[PDB]
Structures are given as C-alpha cells and as structure tokens.
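>>> these chains are from a complex, not moved at all, and more is on the way:
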Amino acid sequence: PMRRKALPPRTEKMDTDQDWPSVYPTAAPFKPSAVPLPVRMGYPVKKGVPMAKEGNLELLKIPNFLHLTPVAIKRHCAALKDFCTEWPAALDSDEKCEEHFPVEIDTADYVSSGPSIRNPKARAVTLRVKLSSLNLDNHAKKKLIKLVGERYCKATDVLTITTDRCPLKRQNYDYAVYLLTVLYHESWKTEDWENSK
Amino acid sequence: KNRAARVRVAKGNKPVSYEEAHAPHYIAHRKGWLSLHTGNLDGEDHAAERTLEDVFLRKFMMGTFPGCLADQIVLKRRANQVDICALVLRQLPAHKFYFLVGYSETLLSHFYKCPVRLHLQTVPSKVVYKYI
Amino acid sequence: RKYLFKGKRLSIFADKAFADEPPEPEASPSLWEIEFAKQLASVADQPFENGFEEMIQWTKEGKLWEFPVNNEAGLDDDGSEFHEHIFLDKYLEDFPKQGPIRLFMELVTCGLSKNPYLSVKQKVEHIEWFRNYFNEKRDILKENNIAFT
C-alpha cells in the first residue's frame, strides 16, 4: 500500500490563449496548481530569492482579483446591461433636478462581514428641501423658519429633517414626509396670538 | 528581553516557516494577517464575536485534521460566507480528506448558521523558510 | 413516410376546448403528489458546475444574503406604521385627563415614541403596566387628592 502520488499541476495543460475567466469564474483562493504564473512572495533571505507559489501562505493570505480580470469585467458588464434603465435625458444638470424634483431623500446601506445583516444606522432617513421650491407666502416663510429652528440654513436656504426615532427605514421615511406636510400647512395657518409679535 | 511570538535561535538545526520566522513587529510589514474580516475597521461592530469564532475555528481544524496541518489556517469572511484555507500535509489518503471536508463544513455551517467552505492545498511536506 | 405528426391518431379523446378546468391544488398536496415532485427535481439534479451555480442554490435556500444588501431584509415590525409608533396618546384615555398622573404619563409616552428598539406591542405593554400600578395605589393617591379611574 504505497502512498498516493499527486498528479502534475494542471497549469501544464493550460494554453497561453485560454479562456481565463472560465478558469476563475468566481472569487476563490489562490491555487498554485491553477494559476499559470511564476509568482513569488516573501521577504527573501540573504543570498536567497522570494519564496515560490507552492506552499506559499503569504499568497494565500492575499485577497486576489484573479476572478476579476479586465476581460471578465467587460464580459460581465455586457450581460448586466439589460438590467440597467436610462436616466431621463432632460435632467442634464443638478439645477434642472431641483426644479422638477426639489425633495432629496438620503438613505444609507451598510455592508459588513458576519452572520447578521443588521446595522442600527440603516434606519435613519434625511429629507432636504429648499424653501424656495415650496410655495410660501411672506408670512408662511417666516413661520416655517421659526418653527424649524436650526434645521433651516439661511446661507443655503435648505430645510433638513432627520428622522431616526422609528425602528424601520420605511417608517422613518414616511415620518419625515409627514413632518414636512404639517410644517407646511401649519406655516400657512395664521393664529390670533401671532398678531402680538 | 522580548519573548512574544519569537522562535528563538538554536544551533542552526531548527526549521521555521515564513510565519514563524518573523516577530510581531513585522506584522503588516513583511507578513500579513491570518484572518480578514471587517470587524476591526473604524465604526464597525462585532469584533468580539468574530474574534471568538476565529479562536474556535482554529482549535476545531487542529483536532479535525490532527498532524495534517502544514501551517496556520487562513480565515476569510465575505458577507456571511466563511472560507477556511488550510495547508495540509499529504499524510492521509485522498478519500479521508473528502470525508473530513464534508463533515467539517456541514458541522460548522449548522453551528454558526453561515455557509462555510473548506479550501485545502496539499503540500508534500512542511515548507522551510530558513534554518535557525 | 414515418411522419411524426402526420397520420391517423387514436381519436379516443377530443380537442381540449376546455383546459385545466379543475385547479391543480384540488386538495392540499398529498403524500403522493409531494413525493412525485421530489422525484421530478432529482431527474434534473446535477452537481454544481462553478461557484455561481453554488451561490444560486444557496440564495434560493436563504443561506446566502440577497444583493444588493438590505440591512432590514425580513425585518418588519408587525407591519406597523410611523403614526402607530409616534402617536401613543390614544392609550392614555383610561388615565385621568388632567393632574399629576397625566403629566407623568405624558413624559412616559413621549419617550416611548422616540424608542426605535421597541415594537408597538411592547410599547403598549409599558403603558398597561402603569394603568394597573396606579389602580393598585388608589388609596394612597386619594390621600394626595389624585383620583384615578
């Protein structure tokens, strides 16, 4: 019962005009038997060369991009084009967007490594609208600016409503829209006590 | 004198691997990190839980592949996937490795509730960086 | 000659002007139908051919996260709404409409509205606890001129 003998590395059978994307379709660790390159890594000893690929822990510790090569990325994006949709041509500038879509909703996603996909910061939502875009009478704009306090910035004329109190992002998003509606309608309303300013 | 993670000199007959040869102050200079997760990055959580999983995962692999490990394992976490890259000596028959891979993967996927994969690169014998 | 679809047919059956009239789940899936479906899957069951096919199977089984990442995937708080979490004064009707107890419960429900770590059901449980507590202390409250329920 002799010990088993390892086969010769399959890099020997790889042609120089092969389809490398097929060799590394997805993210994998560095395999010295599949990567047909004489790469060396390691601080060399005096009168020594850097270590070879076979049995090289340092090359294994690297997050290689062999699966992501310029030929693969172009072949991948060619397939992914059918998913994309075209931005409306008319909105060629940021000022043009402010005209037709004055409300800016900021939402943040977080990607980390672990068993849990939960992040506490993902619930927060931020609404930013310019008071110029809102139809506000001279009375209304003064009332809107006093109620919002520091949320309004005179330099930029932007009202910032940040809502994180509710557990979910869809709840916090709907709450910020609610806060704007009440502030807008309340600003137009005139109360008798306002005549005493 | 500093005694931390330093394989001391003998009489030139002690084989040491690349990982063993370099003392702690060469970390991030000549040798990298054995585990790569996002839990020690700034403004990131769950460093303690990733670190505890690493300690166990290393003790598990040593016992599950006793005497068959050529060097310390490399742990790579991407999303919820865990990837274990181990240099293993060619001592055991080939079919035994297939059994231990199926067993160790399924057992650790039902223990941490994540997809766990084992990547084995077999060496004929331990690779010696230098004799110290 | 041996035309596959040209020639005489059995003609025992007639053209299906009506098709699939009875629903496929005429009854809840029986053991016979549940087991046949498992065998149909095995007919085309081949091993993974690359990392993509392995990841495809893991995703269908829930093992691998869905992309793009949603940090609130599968996390719905009883299908509630923002107004349910924020406006909680409906539950304070049983309490006195004015007085010290109302002033206290106002502070309690204000904090609960700003609590993102509790569901509406849990927040209501906090309010209900105080209703029963003050009911028990009716005699001490009456001495202090506070009338509860």
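Perfect, I can see it now. Residues are numbered from 1 along each chain as shown, chains lettered A, B, ... in the order given.
>>> name the nearest residue to the closest residue to chain C within chain A, sequence neighbours excluded.
When scored by C-beta to the nearest C-beta, chain A has residue A:26 as its residue closest to chain C, at 3.1 Å. C-betas here are computed from N, CA, C, even on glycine. Nearest non-adjacent residue to residue A:26, counting by C-beta to C-beta, 6 or more residues apart in numbering or on different chains: residue C:51, 3.1 Å away.
>>> surely that neighbour is in contact with residue A:24?
No. Using C-beta atoms under 8 Å, residue C:51 is not in contact with residue A:24; the gap is 9.1 Å.
>>> and chain C, which of its residues are near chain A?
Those residues of chain C that sit near chain A, judged by C-beta under 8 Å from any C-beta of the partner chain, are C:50-52, C:55, C:65, C:68-73, C:75-77, C:80-83, C:85-86, C:113-119.
>>> switch the cut-off to 7 Å
For chain C, the contact set with chain A under C-beta under 7 Å from any C-beta of the partner chain comprises C:50-52, C:65, C:69, C:71-73, C:75, C:77, C:81-82, C:85-86, C:113-114, C:116.
>>> ok, the residue nearest the centre of chain A - contacts?
The centroid of chain A falls nearest to residue A:109 when counting by C-alpha atoms, centre = their mean (6.5 Å). Residue A:109 is in contact with A:122, C:69, C:71, counting by C-beta atoms under 7 Å, 6 or more residues apart in numbering or on different chains.
>>> all helices for chain B, in order.
For chain B, applying DSSP state H gives helices covering B:18-21, B:47-64, B:94-112.
>>> with distance to chain A and mean neighbour count added, can I get the ones you listed in TSV?
Output for the helices of chain B, formatted as TSV (distance: least, C-beta to the nearest C-beta, whole Å; neighbours: other C-beta atoms under 10 Å in any protein chain shown):
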stretch	distance to chain A	mean neighbour count
helix B:18-21	6	19
helix B:47-64	7	15
helix B:94-112	6	14
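>>> among those, which comes closest to residue A:32?
helix B:18-21 (14.8 Å; C-beta to C-beta).
>>> contacting residues for the residue nearest to residue A:26?
When contacts are counted by C-beta under 7 Å, 6+ apart, residue C:51 touches A:25-26, A:28.
>>> give me the nearest residue to residue A:101, chain neighbours excluded.
Using C-beta to C-beta, 6+ apart and skipping residues adjacent in sequence, the residue nearest residue A:101 is residue A:91, 7.9 Å away.
>>> touching, the one you found and residue A:99? I think so.
No. Counting by C-beta atoms under 7 Å, residue A:91 does not reach residue A:99; the two are 9.1 Å apart.
>>> let's bring in chain D now:
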Amino acid sequence: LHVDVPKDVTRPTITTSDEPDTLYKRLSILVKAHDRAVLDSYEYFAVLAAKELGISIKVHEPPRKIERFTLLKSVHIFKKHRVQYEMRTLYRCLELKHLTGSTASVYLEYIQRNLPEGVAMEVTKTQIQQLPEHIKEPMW
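This next block brings in chain D, placed alongside the chains you saw above:
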C-alpha cells in the same frame, strides 16, 4: 473549449414593470479597509464596471484614520514598560451620479458581491422625488 461550445445560453428574465423608477441624483460608496492596495484594485474594478454600464463616477481618498491604544507588556508589575497597538482604516469614495433605481441595484449587487474580504461598504443613496401632492397646494 475548442470545439464544444454552448449554443443558446439561458439568460435571466427581466420584466419591465409599470411602476415609475427611482431617480438617484447621487450615490456615494465609501469602502473601508486596512490595506491600501486592496482599495486600489477594488477602485479599478469598480470604476471599470461603472464605465462599462454607462454610469458617471468620480473617486477620491478621504483622509485615513489610525486608532492607537496602549497596553501593559508584562503579565505582572513592570508598569513603565508598555506595548502599543494600532488599527489603520483607509477609505476610497466612489461618487456616482444620475442613476436610475434599476441601474443602481444591478451595479451595487455586482460590486458588493465582489467585495474583497476585510472591506466594508457604506452606500449613501440620495433619491430625488417630487413634492407631496398635499403640500403642492396650500389647503386651509
């Protein structure tokens, strides 16, 4: 494959809905890592992917953060002798512009699924929408 090639490869079904699509004015992707070289390789992969899908992208490097703490070197006494440790965080910000919601989902999936180990992403989508219909008209 030299002679044996797939004939009609199956492609996923993409069905256009009747709901309007989201409009992202901006989409900032802040990747973090302990290694600068990994960010450089990821920056090249992400910028190439955007250019191939028609997306407009810009890149800058936010200043790095180094967090240092001190510990006691000995197990017992010898207070004056310490050992210090640090964790380095490096950033690469990919600022995309004028993306529909379908283009941002496919792109983010593709680049998030290819996120190297040890790299953390922080997407900051900025949607643009009209005014609420109630707000549009003042009602007393």
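>>> once more on the contacts of residue A:109, with chain D this time?
By C-beta under 7 Å, 6+ apart, residue A:109 lies in contact with A:122, C:69, C:71, D:123.
>>> partners of it in the sheet?
Using DSSP bridges, the bridge partners assigned to residue A:109 are residue D:123.
>>> pull up the gap between it and residue C:77, please.
Plainly put, residue A:109 is 19 Å away from residue C:77 if you go by C-beta to C-beta, to the nearest Å.
>>> next, see if stretch B:18-31 gets close to chain D.
No. Under the criterion of C-beta under 7 Å from any C-beta, chain D is not reached by stretch B:18-31; the shortest gap measures 7.9 Å.
>>> which residues are in contact with that stretch?
With contacts defined as C-beta under 7 Å, 6+ apart, stretch B:18-31 is touched by A:42-43, A:51, A:57-58, B:4-7, B:71-72, B:129-130.
>>> most surrounded residue in the residues you listed?
Among these, residue A:57 has the most neighbours (other C-beta atoms under 10 Å in any protein chain shown), with 25 neighbours.
>>> report the beta-bridge partners for the spatially most central residue of chain D.
Nearest to the centroid of the C-alpha atoms of chain D, with distances taken as C-alpha atoms, centre = their mean, sits residue D:29, at 3.6 Å. With DSSP bridges as the criterion, residue D:29 is bridged to residue D:94, residue D:123.
>>> what's near enough to touch it?
Shown in contact with residue D:29 (C-beta under 7 Å, 6+ apart): D:93-94, D:121, D:123.
>>> 10 Å - rerun?
Counting by C-beta atoms under 10 Å, 6 or more residues apart in numbering or on different chains, residue D:29 touches A:109, A:111, D:46, D:50, D:57, D:59, D:92-96, D:107-108, D:111-112, D:121-125.
>>> make a PyMOL selection of the buried ones in those residues.
Burial among these is assessed by 16 or more other C-beta atoms under 10 Å in any protein chain shown; the matching PyMOL selection reads:
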select buried, (chain A and resi 109+111) or (chain D and resi 46+50+57+92+93+94+96+107+108+111+112+121+122+123+124+125)
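>>> alongside chain D, which residues does chain B contribute?
Residues of chain B found near chain D (C-beta under 10 Å from any C-beta of the partner chain) are B:2, B:4, B:24, B:27-28, B:32-33, B:35-44, B:47, B:74-79, B:81-83.
>>> ok, longest helix in chain C?
helix C:120-136.
>>> which elements pack onto that one?
When contacts are defined as 3 or more C-beta pairs under 10 Å, 6 or more residues apart in numbering or on different chains; DSSP states H and E, helix C:120-136 sits against helix C:82-86, helix C:100-113, helix C:138-143.
>>> return the angle between stretch directions for that helix and helix C:100-113.
In terms of direction (axes from the mean of the first three to the mean of the last three C-alpha atoms, to 10 degrees), helix C:120-136 departs from helix C:100-113 by 160 degrees.
>>> here is chain E, add it in:
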Amino acid sequence: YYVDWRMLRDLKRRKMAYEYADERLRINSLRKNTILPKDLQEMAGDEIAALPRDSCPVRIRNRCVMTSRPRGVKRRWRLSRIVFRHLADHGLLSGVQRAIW
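Placed with the earlier chains, chain E looks like this:
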C-alpha cells in the same frame, strides 16, 4: 464548564438583569421625576429595593471571556491584555498591528 466559579456567578447576574430589566425600568421611572406624589415615590423606592440583588445591573463585571480576568479587559474584544497580546502578536487579529510612530 465556564472558566471559573467567578465567571459563573457573573453569567447568572447577566441573565437575571435581563429578566428584571423592564420591571426595574418601570418602577425606577416612578422615582426619577418630580411630578408624582412623594408617597408613591417613597413606596416605589422599596419595591425596587425588594427585587433580588442580582437583578441590579451594577453588579455585573466585564471579565475576559477566555480567562475570566476581572481587570485589564478591552471592551471591544472582551479579552484581557494578556490574551489580546497573544492573538495580536501572532497575526490572528484582523487589522491589529504594533504601533510604530
């Protein structure tokens, strides 16, 4: 088996504080204000006292999860300085290196 009997006592303190968290919150709220009658506040001061001592969350001590060391712990990793240095000096902590500057 946990590391030692001290870690065992700490673990139980942590599980009895989780059981009594809502209760000690609701009762203690009645005391941390100036809006309720002092008679009720004096009585709530005793209901909170009557709860078991291990329900109190200030009797929890953060110990190294692997050696049960009461002091010297780093809260981000839950390890003592001695255990942390062993993992850090071996390249096993992801991104932790020595600080040279």
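>>> same question on the nearest residue to residue A:101, but with chain E included?
residue D:128 (3.8 Å).
>>> name the SS class of the one you found, please.
Using DSSP: H, G, I helix; E, B strand; the rest coil, the three-state assignment for residue D:128 comes out as strand.
>>> shouldn't it be in contact with residue D:27?
No. Contact between residue D:128 and residue D:27 fails when scored by C-beta atoms under 10 Å: they sit 11.6 Å apart.
>>> between the two, which contacts overlap?
Common contact partners of residue D:128 and residue D:27 (C-beta under 10 Å, 6+ apart): residue D:98.
>>> so what's residue B:111 up against?
B:53, B:56-57, B:60.
>>> list just the nearest of the residues you listed to residue E:93.
Of the contacts of residue B:111, the one sitting nearest to residue E:93 (C-beta to C-beta) turns out to be residue B:53, at 12.5 Å.
>>> from residue B:49, how far off is the closest residue to the closest one other than its chain neighbours?
Counting by C-beta to C-beta, 6+ apart, residue B:112 is the residue found nearest to residue B:53 once chain neighbours are left out, at 6.4 Å. With distances taken as C-beta to C-beta, residue B:112 is found 10 Å from residue B:49.
>>> now residue E:55
26 Å.
>>> can you tell me, leaving aside adjacent residues, what's nearest to residue A:70?
Nearest non-adjacent residue to residue A:70, counting by C-beta to C-beta, 6+ apart: residue D:48, 6.9 Å away.
>>> next: residue A:135.
Closest residue to residue A:135 apart from its sequence neighbours, by C-beta to C-beta, 6+ apart: residue D:138 at 6.6 Å.
>>> what's the offset of the helix or strand where residue A:142 lies from the middle of its chain?
Assigned by DSSP states H and E, residue A:142 falls within helix A:138-148. Distance of helix A:138-148 from the chain centroid (C-alpha atoms, centre = their mean, to the nearest Å) equals 36 Å.
>>> same question for stretch C:49-58.
With C-alpha atoms, centre = their mean as the basis, stretch C:49-58 stands 29 Å off its chain's centre.
>>> what's near enough to touch the most centrally placed residue in chain B?
Central residue of chain B (C-alpha atoms, centre = their mean): residue B:73, 1.4 Å from the mean position. By C-beta under 10 Å, 6+ apart, the contact list for residue B:73 reads A:57, A:60, B:34-35, B:54, B:57-58, B:60-62, B:65, B:84-88, B:118-119.
>>> what's the local residue count around the residue nearest to it when sequence neighbours are not counted?
The spatial neighbour of residue B:73 that comes closest, neighbours along the chain excluded (C-beta to C-beta, 6+ apart), is residue B:86 at 4.4 Å. By the measure other C-beta under 10 Å, the count of residues near residue B:86 is 24.
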